[PDB]
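Structural overview for review
Residue-level listing of the chains:
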Amino acid sequence: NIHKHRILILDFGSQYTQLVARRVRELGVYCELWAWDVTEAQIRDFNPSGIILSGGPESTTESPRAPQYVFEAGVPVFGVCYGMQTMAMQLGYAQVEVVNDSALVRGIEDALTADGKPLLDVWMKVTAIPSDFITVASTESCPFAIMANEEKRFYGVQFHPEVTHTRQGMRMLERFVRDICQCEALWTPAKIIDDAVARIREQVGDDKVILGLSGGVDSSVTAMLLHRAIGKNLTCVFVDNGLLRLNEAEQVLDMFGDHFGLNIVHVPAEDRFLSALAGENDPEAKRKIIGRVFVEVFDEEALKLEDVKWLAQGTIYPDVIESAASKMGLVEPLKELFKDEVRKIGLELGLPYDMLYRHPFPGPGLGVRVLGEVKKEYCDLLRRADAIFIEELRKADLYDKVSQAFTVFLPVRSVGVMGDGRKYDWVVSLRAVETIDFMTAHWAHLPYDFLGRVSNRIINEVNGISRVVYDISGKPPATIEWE
Amino acid sequence: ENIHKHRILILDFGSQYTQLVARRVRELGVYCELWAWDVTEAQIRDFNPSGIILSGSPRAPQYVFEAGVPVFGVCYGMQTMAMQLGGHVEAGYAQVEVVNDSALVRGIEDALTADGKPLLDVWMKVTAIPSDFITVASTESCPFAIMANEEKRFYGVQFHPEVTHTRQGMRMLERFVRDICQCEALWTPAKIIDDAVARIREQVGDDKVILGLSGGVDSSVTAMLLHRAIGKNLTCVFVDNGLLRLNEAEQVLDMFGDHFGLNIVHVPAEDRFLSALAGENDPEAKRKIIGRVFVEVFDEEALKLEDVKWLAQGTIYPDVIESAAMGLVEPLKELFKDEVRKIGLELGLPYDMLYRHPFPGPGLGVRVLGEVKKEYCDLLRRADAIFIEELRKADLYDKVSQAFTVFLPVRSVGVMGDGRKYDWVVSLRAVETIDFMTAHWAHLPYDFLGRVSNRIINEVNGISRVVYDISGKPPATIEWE
Amino acid sequence: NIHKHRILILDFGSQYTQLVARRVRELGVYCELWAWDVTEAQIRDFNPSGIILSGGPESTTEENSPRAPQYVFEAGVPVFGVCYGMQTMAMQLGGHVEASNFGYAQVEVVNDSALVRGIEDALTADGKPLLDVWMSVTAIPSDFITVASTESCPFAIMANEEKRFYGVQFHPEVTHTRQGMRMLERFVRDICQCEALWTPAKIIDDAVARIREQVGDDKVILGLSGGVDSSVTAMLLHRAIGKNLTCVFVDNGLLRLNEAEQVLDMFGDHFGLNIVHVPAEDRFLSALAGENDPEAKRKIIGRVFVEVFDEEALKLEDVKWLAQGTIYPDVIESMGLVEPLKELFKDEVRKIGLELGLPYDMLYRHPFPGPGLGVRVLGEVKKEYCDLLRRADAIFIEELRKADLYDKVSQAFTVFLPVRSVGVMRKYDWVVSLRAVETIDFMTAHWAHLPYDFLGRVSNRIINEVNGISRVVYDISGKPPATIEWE
Amino acid sequence: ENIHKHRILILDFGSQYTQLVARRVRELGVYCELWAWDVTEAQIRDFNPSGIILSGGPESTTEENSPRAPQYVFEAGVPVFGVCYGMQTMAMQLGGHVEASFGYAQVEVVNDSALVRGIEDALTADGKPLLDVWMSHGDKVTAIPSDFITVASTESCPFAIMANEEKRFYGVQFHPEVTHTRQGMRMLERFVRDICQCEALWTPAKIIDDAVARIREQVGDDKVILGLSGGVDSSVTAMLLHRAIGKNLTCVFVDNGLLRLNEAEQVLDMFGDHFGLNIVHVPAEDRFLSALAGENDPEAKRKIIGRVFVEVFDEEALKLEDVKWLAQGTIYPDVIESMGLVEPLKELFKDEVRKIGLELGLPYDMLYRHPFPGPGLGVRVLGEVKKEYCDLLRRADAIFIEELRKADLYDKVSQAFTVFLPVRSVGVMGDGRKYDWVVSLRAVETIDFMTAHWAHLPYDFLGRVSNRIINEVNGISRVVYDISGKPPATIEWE
Ligand SMILES: O=c1[nH]c(=O)c2[nH+]cn([C@@H]3O[C@H](COP(=O)(O)O)[C@@H](O)[C@H]3O)c2[nH]1
Ligand SMILES: O=c1[nH]c(=O)c2[nH+]cn([C@@H]3O[C@H](COP(=O)(O)O)[C@@H](O)[C@H]3O)c2[nH]1
Ligand SMILES: O=c1[nH]c(=O)c2[nH+]cn([C@@H]3O[C@H](COP(=O)(O)O)[C@@H](O)[C@H]3O)c2[nH]1
Ligand SMILES: O=c1[nH]c(=O)c2[nH+]cn([C@@H]3O[C@H](COP(=O)(O)O)[C@@H](O)[C@H]3O)c2[nH]1
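Looking now at the overall build of chain D. From N to C terminus, chain D includes 14 helices and 21 strands. Counting only C-alpha atoms and orienting by the principal axes, one finds that chain D spans roughly 80 × 60 × 40 Å.

Structural data, given as structure tokens:
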């Protein structure tokens, strides 16, 4: 069983904790990210084959600490940054000299040299280890780079193995998870899919399941999962909310109605969304509106069915994790998956690459990209602008060099040449970013020649657009979307 | 000493480069005028040129060749020179081989051929030259790249010598205007100033003159010329319309009031222009209001002054050329824009001010899209200041023709400590201008753009997001309105 | 057994054929790359779980052109034809090719096949599956179905599902084929039903087992160069027969700075190997004395090293085995012989070297030629020239690594130029040349467009810091018309 | 016409920018001489400057033996302009005081001075005039002499400009001669044309006319020989003498086998078949190669080439009866660095030589060619000079320059050439290999006599040239690029 060998990752608040989880996932082992403030009851219920304590911005000199069971549970424990500093007490690029044999790092040598010692290229106080620990690696600024009670199988590392900059970090996480915690590598996209199917089948039986099909990654893979498990019993509602991209409805239907043979209720709700949105300039109002009409449309569509006892949903593990930060049943095949696993299993389920590695598209769609009041003519204009932008972006092989690209409609009038020189028309902003984390994203240094080709195209080819600007504001101090 | 004694008639055959040719002639210190090609024997005879230039189916007046003065045809001018004297015409860097001796290019060599023959590096068609002309230079594509009737002192070149791409073009221009045409170079900043003062004094005498002092290049140099000519008898009216750059009023007042001793009437009229603009969204109406309120204010101040008999004005020669179908002092009406700067330097004005990017008459009124409001103008001024501050630090101010900031009355979200706040967006706009019809948006460095947008969003309370106008002209325009 | 599931890959002459092989290896499945001109007895003896017929430049329309042995299609195993492999399978099975004396291409999947079922990169506006492939046939066999199409290429993919014959006109082995690896995975793991036992941990365990069966308690001589193959080899025999393995490391005086100290400290003082160290600097130098001919120097360096190695070998009799780092590419291009790496490709040797415990930086270090500095010192090889070269090269590589440029080139090194150049406090000293290449194939190398300020930095460090070097130049000559080494 | 009548004395205190001052004043149309600071009142009285400019320098007036102007500088009754050090020694030598301590800066003008009245680059917010100047942040005047006034200042430079308006003494802590001082030229012109009242009679056309007249009055109708090398200096000298004494000028062009590809023909085609000079063309390639045979020492090679050049020239001289005059192209920098002698360019800087060269009819690209050393390929062929090597180098170099001109990179460098390395490398030949010579491309952006940076030529450009030389020149296996700056290396390899 694929959840059997499982890592409990305890989050002391690093931005890299989910990266550790994703690395364990990549290594083929289930794992779970909980907050540090967990009860020995819970760790005993999860029953981890090993524990991992993640980095932290706090300090053990105040203060987040592991539930003492972490070290009493008799499973190998791996501390990382804070997780190492908290393992003690409770018991930029750099190179560490391996000063001892440890289970964790034996055989793993990036450079050696030192003339008589193994070196580790790692990506990086602890004044003294517990009495049962040895020093395993050391640096100038950190004599305690790796510490280990190799008998109790506790390991401590002042660097981040989950990050690629740690030359052999993954081999180290492999060592801890596969070899020191003797975990089998059962958590494979093929076997996740079988687990998904089995669990949906068992949880829903012959009951009818409904699902909001966006065409996006999460609800698509969910569609494919539900569909593989209960076939025709699944009904997907595709709402064209009048806020999608150019031809999005066609593409979602060509893909999932035709190509994959899904049972699709197609709801053309453009006028209805644009109705409810009428005269609404407040971006948070628009979101709530757009989100409410969606819930309205699905509940209407659900009733037109019958015996629909289950709503399916593209909830992925990160979503569960924020919810962790404090009618119809829920079918959530992806609740345990991170986004890269979802894509990977989407590939195995047969979905196309393009869709799976597409830029995220917001729920509210163009509703948050038409500044202020959302009008059809602004959305049609926005659509042709985005289409050109994204089509040029794809020609130039720039689509994968940015996390997200789109255009924003500015309801301001600017003059542009018409032939005699007298036509005001609308302005759009191109927006392209390289996303670093949920808090920070850089605006993309798209090439000048390229920007200008897109500019000219949008202005010349779209009647109603006279001027194109580029969002040159990063996040912070701005955000990715304009609303 | 008439600095207009030696003069060059340049006939404009519609080329972009014709005002370039005239400026080159003015750079050699020789006065010249640029007329439309369609002139009369009479119009030309009255000018009495020391030499005629024809720029790049229109035809020169037959008198141009009858006039007995040297004539220089460039591109279309050389082609039209061939047509009209019995030749024949049929329609990038290049090198023309000089194949005959000619006053125009005698001694002007850029390289030598393998044969050992002279070559000209030029920037650029005739198939038969008149029977009294010879072939001066040629190249593979252009059999007749330079031709000359050495006797009538007629010279045609297919390339443009006014463009520095023609390696020694200026020297051929110098050769025709100074040697062939027999011109002294008295047209100098210092002497143009003297002649401007002389002509102002003679036309105005002891009368008091009034002047609209916009702070721009033209009205400033006009102000300094008048102040030099008539001093206390000059009142400049400076009108802060509410649409000027940050501290423009203080700056113009500092400069001409305290520093230069001009007599200034400062009209703080921000509320007045803003109020005449309240609610107006149409840029055509905004400009008309701003212009309308401008003369109203200026008229109300001209009636506030005893014995004002003359209006001074920074009309420059291109304004005169562009104009092609109380007394008026226009000291700059013969000067091209760079000449006006050169003399503004000799009159003691500051370089920064003379080479400043042009600012439009309505100012921020065409840069706050829609209803111009004080709030938006305030934000715009701060953002714009940060932009130019940085442009100058980066030595990029020199590198664009115009750089400014447009206020977009759209709300965008941005970070506000731990959460979010909606505020206004501005667009940076920077162009390299090419002509009245053509401008490329500047490829400002990315790092620089990032600094500026950070500076604006972080430093300007009320701005959350900054975009860069990446639209060229055409299909867009330089200004947003 | 980790060779049980195995893919026979027949080589029809493509450049990318070794890449097909290594992708099967990357997949976790043993495979073998043979010339196409083999026999049924050979295939039968090999017992493929599946056969891949790879690309090739020749035309199927020519007179005596390559054909797959007819048994390929009678082995009752799956057959995968890639490009010419597919053109030969179509021609050998009833269909036709027209001849025509590369590119990115999107092929539309127009029918189901086990090979590309569910492998999609995009949809057409008409809902049809698209594959992003690295492209390169007028009729297919009449038991074959068309699987995918292009404009240019009507039969991009053909297949006989019953017989498990799949032909593609693109290169799944090339990363440009977006889901190439998946199709190869599909063929090998799903269709050929191979397990992924070909792993580094298991290839090591296999290596050890096969050394012990072959050698037992016998004694084994090895030439330890510190290079990648000789060293992983040493680790395998050592993990296999400990003290019964002896490593002869000859410091020929033509090695990089402190190479002897480093080879010895690492494999003797850290991996507990038993190494006889021939400190043979003066002997190689004496032999090379007065030889300005690169060909003659290569010989001389070869001759002496054999002489030295033989002498050290005789000195430990009752040794019946010479071990050697020969790797699978050596096999493909070509006391008793022990060769643990003879089935491994270079990146496997590296991968298993990491499992053996070896340092990354050593396993991914640039190749250092047999003659070492004997061929990087133009003309007469002298102690002093090698000495300057070693200091110069050490500076170059040190800068090159801290600039994170070692990853970015195939080979970086310094060549000593016996020419005098003026420099400042005015002195005449030697010239060295930096040389850094990006090696496309065996015959093509681009000189690296190393940053200018980096080049200027390396260049100043070498001049200022190496007493004896007045001037640094950079080889801006690619292969062809020049070669990688200078001699 | 006396075109030297007005003249500025520049006293060199050692600034890297002193030559620039001299050329700016020249550019303004006013003759000027550049002397060392330690000259004598006597010498200055002889020159009789219309005005004196004291340049900057690296020394410090606060140090014991620091350079000072001849006191007469301040007693000659002419305007004195002091630039940095010259300002600081003007202060100190007049009762000021300097304290011991380059960049852009804005000096605020605070008093009227003939030097900068009307010269303004910006204003302060407070509305006060600013000059944009290129300053030396080093030593600073902290007291100005009694009858001086502060003209300009910064928060860090109380006396950024000082002036004694009556004595026409001006000191600036910045460099008006460098472009980075926005209106420095106008400052220099203000001093030279206005305050010193120099007429701008030092123009190319007038310099020519003056040279001619000085030639025609030094030699009259005598015969004059001239080593013509096609280099800028002797070419301009040749044309001066041609216009001056015409037929009596005999030009000797020596092809020493160390010239660039076809150089003899293009020099012959140019100055013989086109400009009409009388060229005695000596083909002495075998004579130089012979004398050079077996000489691997670059210092010996240079002496040999020098010596052998002189014998050839003396012989050609002997073949002409009554050669009473030797013309050379010595330019003023050669004087500053240091048969009757005619040196028409001894007062001219290199740009002035080009400028008058163009006025004489010489082609631009010749006048602006990179400097070619006197020994030619003999110091670009490393070790022993042989014809096979020079033929190679010539072919290789001409490819180099041809491409360099094509890509508009020729004028982006001060010198570009190829060095023949007597080292052999292997290369591809067909399917097998070949073994042939190596050449080095060498290209520099020269900043001064002691500083050259190697050019960041475009990689694709380098590889194109690379391939061309190797694929087009027989005898070359490989091309390298010199990536050594000067210092620690030199421009030439030998
Ligand atoms: O499903 C969604 N509903 C929303 O209302 C929404 N708002 C922002 N986003 C996405 O969140 C990411 C970060 O955008 P911001 O930096 O503007 O917050 C980007 O990926 C945005 O597209 C949304 N997604
Ligand atoms: O004095 C002015 N009053 C105006 O109303 C005006 N509108 C445009 N401009 C200037 O014209 C140039 C380019 O015009 P466009 O904005 O139409 O491209 C640029 O120099 C613009 O600033 C104006 N100048
Ligand atoms: O082990 C070796 N012994 C040798 O004698 C030898 N010669 C060249 N090389 C390597 O061959 C590759 C290309 O060399 P060339 O382009 O100079 O032929 C590069 O990888 C060179 O290092 C050698 N390797
Ligand atoms: O050594 C030389 N002998 C000569 O006869 C000679 N003539 C000119 N040049 C130029 O002088 C400069 C100095 O060269 P270095 O950077 O190698 O010292 C470089 O600019 C050289 O080209 C010569 N150099």
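That covers the picture; the talk isn't over yet.
All names here are of chain D. In terms of domains, chain D is made up of domain 1 (7-200), domain 2 (201-369) and domain 3 (386-493). Measuring from the centre of the C-alpha atoms in domain 1 to the corresponding centre in domain 2 gives 38 Å. Opposite the 14 residues of domain 1 that make contact, domain 2 presents 12 residues. Mapped onto the side of domain 1 that touches domain 2, the elements with two or more residues apiece are α1 (18-27) and β2 (31-36). Taken together, the residues of the side of domain 1 that touches domain 2 sort by class into 7 nonpolar, 2 polar and 5 charged.

Attention now goes to the domain arrangement of chain B. Domain boundaries in chain B define domain 1 (7-185), domain 2 (186-356) and domain 3 (373-480). Using only C-alpha atoms to locate each centre, domain 1 of chain B and domain 3 of chain B end up separated by 44 Å.

All names here are of chain B. In this numbering, the UniProt entry assigns the feature "binding site: ATP" to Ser214, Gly215, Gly216, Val217, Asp218, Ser219 and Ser220. Take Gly216: its relative accessible area is 27%, and that puts it in the partly exposed class. Among the secondary structure elements, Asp218 is positioned in helix α7 (residues 217-230). Leaving out residues up to four positions away in the same chain, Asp218 has contacts with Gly314, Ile316, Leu332, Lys337 and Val340.

On to the interface of chain D and chain C, then. Each partner contributes to the interface: chain D provides 45 residues, whereas chain C provides 44 residues. Only α9 (298-318), β18 (415-429), β19 (432-448), α14 (459-472) and β21 (476-482) of chain D provide two or more residues apiece to the side of chain D that touches chain C. Looking at the side of chain D that touches chain C residue by residue, the classes come out as 25 nonpolar, 11 polar and 9 charged. Pairing of strand β19 (residues 469-475) of chain C with β21 of chain D involves 3 bridges; the strand directions are antiparallel. Bridged to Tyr474 of chain C within β21 of chain D is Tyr481 of chain D.

Between chain B and chain C there is no contact, and the shortest C-alpha to C-alpha separation is 20 Å. The two partners chain A and chain D share no contact, and the minimum distance between any of their C-alpha atoms is 20 Å.

Residues and elements named next belong to chain D. The environment of ligand 4 is formed by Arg302, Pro373, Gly374, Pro375, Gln415, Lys486, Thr490, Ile491 and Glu492. Between ligand 4 and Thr490, the relevant distance is 3.2 Å, taken from an oxygen atom to a side-chain nitrogen or oxygen of the residue. Within the contact set of ligand 4, an oxygen atom lies 2.7 Å away from a backbone nitrogen or oxygen of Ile491. Contact with the protein chains hides 64% of the accessible area of ligand 4, taken as 490 Å² for the molecule alone. Taken together, the residues of the shell around ligand 4 sort by class into 3 nonpolar, 3 polar and 3 charged.

Let's shift gears to the sheet that holds strand β17 (residues 327-329) of chain B. All names here are of chain B. With respect to topology, 5 strands assemble into an open sheet ordered β15-β14-β13-β16-β17, the strand pairing being parallel. Strands at the two margins of the open sheet, each flanked by one partner only, are β15 (263-268) and β17. The average undirected angle you get between the axes of adjacent strands in this sheet is 30 degrees. Contacts between helix α6 (residues 189-204) and the sheet are confined to β13 (208-212), β16 (308-312) and β17, with β17 contributing the most and set at about 170 degrees to the helix.

Once that is clear, we can look at the UniProt feature "active site" in chain D. Residues and elements named next belong to chain D. Within this structure's numbering, the places UniProt gives as "active site" are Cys84, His175 and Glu177. Assignment of secondary structure puts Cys84 in the loop between β4 (80-83) and α3 (85-92). Not counting residues up to four positions away in its chain, the partners in contact with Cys84 are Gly56, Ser136, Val172, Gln173, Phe174 and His175. The contacts of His175, once residues within four sequence positions are left out, are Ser15, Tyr17, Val83, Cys84, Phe102, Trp134, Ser136 and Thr181.

To continue, consider the interface of chain B and chain A. Residue-level contacts link 45 residues of chain B with 46 residues of chain A. In this assembly, chain B packs against chain A so that about 3300 Å² is buried in total across both faces, 65% of it on carbon and sulfur atoms. Linking chain B to chain A there are 2 salt bridges. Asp471 of chain A is the partner of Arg465 of chain B in a salt bridge, and the nearest nitrogen-oxygen pair spans 2.7 Å. Summed over the shared surface of chain B and chain A, the number is 23 residue pairs in polar contact. For the side of chain B that touches chain A, the elements supplying multiple residues, two or more each, are α10 (283-302), β18 (402-416), β19 (419-435), α15 (446-459) and β21 (463-469) of chain B. Tallying contributions element by element places β18 of chain B first for the side of chain B that touches chain A, with 8 residues. Residues of the side of chain B that touches chain A, tallied by class, amount to 25 nonpolar, 11 polar and 9 charged. Pairing of strand β18 (residues 465-471) of chain A with β21 of chain B involves 3 bridges; the strand directions are antiparallel. Bridge assignment links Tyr470 of chain A to a residue of β21 of chain B, and that residue is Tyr468 of chain B.

It is worth spelling out the site of ligand 2 at this point. Residue and element names in this part refer to chain B. Looking at ligand 2, the residues that line it are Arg287, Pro360, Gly361, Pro362, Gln402, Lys473, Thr477, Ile478 and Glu479. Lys473 has a polar side-chain atom sitting 2.6 Å from an oxygen atom of ligand 2. Contact distances for ligand 2 include 2.8 Å between an oxygen atom and a backbone N or O atom of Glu479. Considering ligand 2 on its own, with 490 Å² of exposed area, one finds that the protein chains cover 63% of that surface. Split by residue class, the shell around ligand 2 holds 3 nonpolar, 3 polar and 3 charged.

One pass over the structure, following the stated rule, counts 0 disulfides over all chains. Residue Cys31 of chain A stays outside any disulfide, its sulfur separated by 9.8 Å from that of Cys183 of chain A, the closest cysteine. The exposure class assigned to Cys31 of chain A is buried, which follows from its relative accessible area of 1%. A disulfide-free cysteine, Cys142 of chain B has its sulfur positioned 9.1 Å from the sulfur of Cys75 of chain B, the nearest such atom.

All names here are of chain C. As summarised here, the arrangement of the 10 strands in space is β2-β1-β3-β4-β10-β9-β8-β5-β7-β6, forming an open sheet in which the pairing is mixed. For this open sheet the edge positions go to β2 (30-35) and β6 (122-123), each flanked by a neighbour on one side alone. Of the strand pairs in this sheet, strand β9 (residues 157-160) and strand β10 (residues 165-168) are connected by 4 bridges, and their pairing is antiparallel. For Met158, the partnering residue across the bridge sits in β10 and is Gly167.

Here we take up the UniProt feature "binding site: ATP" in chain D. Residue and element names in this part refer to chain D. As recorded in UniProt, the feature "binding site: ATP" lies at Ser229, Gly230, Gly231, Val232, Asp233, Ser234 and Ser235. Excluding residues that lie within four positions of it along the chain, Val232 makes contacts with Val353, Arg354, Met366 and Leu367. Turning to its location among the elements, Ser235 is positioned in helix α6 (residues 232-245). Not counting chain neighbours up to four residues away, the residues in contact with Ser235 comprise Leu228, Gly230, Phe271, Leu362 and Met366.

With that settled, consider the packing of helix α7 (residues 217-230) of chain A against helix α12 (residues 339-348) of chain A. All names here are of chain A. In the contact formed by α7 and α12, the axes pass within 10 Å of each other and the chain directions differ by 45 degrees. As far as their axial angle goes, α12 and α7 are oblique. With respect to the hand of their crossing, α7 and α12 are arranged in left-handed fashion. Contacts between α7 and α12 involve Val217, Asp218, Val221 and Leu225 on the former and, on the latter, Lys339, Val342, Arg343, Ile345 and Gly346.

Moving on, we get to helix α9 (residues 270-277) of chain B. Residues and elements named next belong to chain B. Looking at α9, one finds that the buried residues are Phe273, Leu274 and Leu277. Along the axis of α9, the buried residues cluster in a sector spanning 100 degrees; they form a single face. Among the exposed residues of α9, those pointing more than 90 degrees away from its buried face are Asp271 and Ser275. Against β14 (234-240), α10 and α14 (374-393) lie the buried residues of α9. One or two residues past the end of α9 sits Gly279, with phi positive at roughly 70 degrees.

Enumeration according to the criterion identifies 78 aromatic pairs over all chains in this entry. Here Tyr351 of chain B and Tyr355 of chain B contribute two aromatic rings whose centre-to-centre distance is 4.0 Å and whose plane-to-plane angle is 15 degrees, an arrangement assigned as stacked. Measuring from centroid to centroid gives 5.1 Å for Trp34 of chain C and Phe46 of chain C, while their planes differ by 70 degrees, and the two rings are edge-to-face. You can see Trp34 of chain C sitting in strand β2 and its partner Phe46 of chain C sitting in helix α2 (residues 40-46), a full 12 residues away along the chain. Assessed through its relative accessible area of 16%, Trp34 of chain C is described here as buried. With a relative accessible area of 6%, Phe46 of chain C lands in the buried category. Connected via pairs of aromatic rings, a cluster forms that spans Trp443, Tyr448 and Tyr470 of chain A together with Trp441, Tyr446 and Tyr468 of chain B. The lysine or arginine in question, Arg367 of chain B, covers the ring of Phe404 of chain B, its NZ or CZ lying 3.7 Å from the ring centre. Here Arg424 of chain D stacks its cationic end above the ring of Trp437 of chain D, 5.8 Å away from the centre of that ring.

About the cut-offs
Residues numbered from 1 in each chain as written, not as in the entry; some residues may be left out. Chains lettered and ligands numbered in written order. Heavy atoms only, no water. Residues with missing side-chain atoms left out of burial classes, pairs and counts. Helix = DSSP H or I, 4+ residues; strand = E, 2+ residues; numbered from the N terminus. Domains from an automatic or database assignment. Contact = heavy atoms within 4.5 Å. Nonpolar A, V, L, I, M, F, W, Y, C, P; charged D, E, K, R; others polar. UniProt positions renumbered as here; feature names shortened; annotations may be inferred. Buried < 20%, exposed > 50% of the residue type's maximum accessible area, 1.4 Å probe, protein only. Pairing = 2+ DSSP bridges. Near = heavy atom within 4 Å. Polar contact = N/O pair within 3.5 Å; in protein donor to acceptor, adjacent residues only side chain to side chain. Areas by Shrake-Rupley, 256 points an atom, 1.4 Å probe, with all protein chains shown as cover. Axes fitted to C-alpha atoms, helices over the stretch in contact; angles between N-to-C directions. Buried area = accessible area lost by both parts, 1.4 Å probe. Salt bridge = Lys/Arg side-chain N within 4 Å of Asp/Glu carboxyl O. Disulfide = S-S within 2.5 Å. Parallel < 35°, antiparallel > 145°, perpendicular 65-115°, else oblique. Left-handed = near helix turned anticlockwise from the far one by under 90°. Arc of directions from axis to C-beta. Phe/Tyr/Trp six-rings, centres within 6.5 Å; stacked < 30°, edge-to-face > 60°. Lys NZ or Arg CZ within 6 Å of the ring centre and 35° of its normal.

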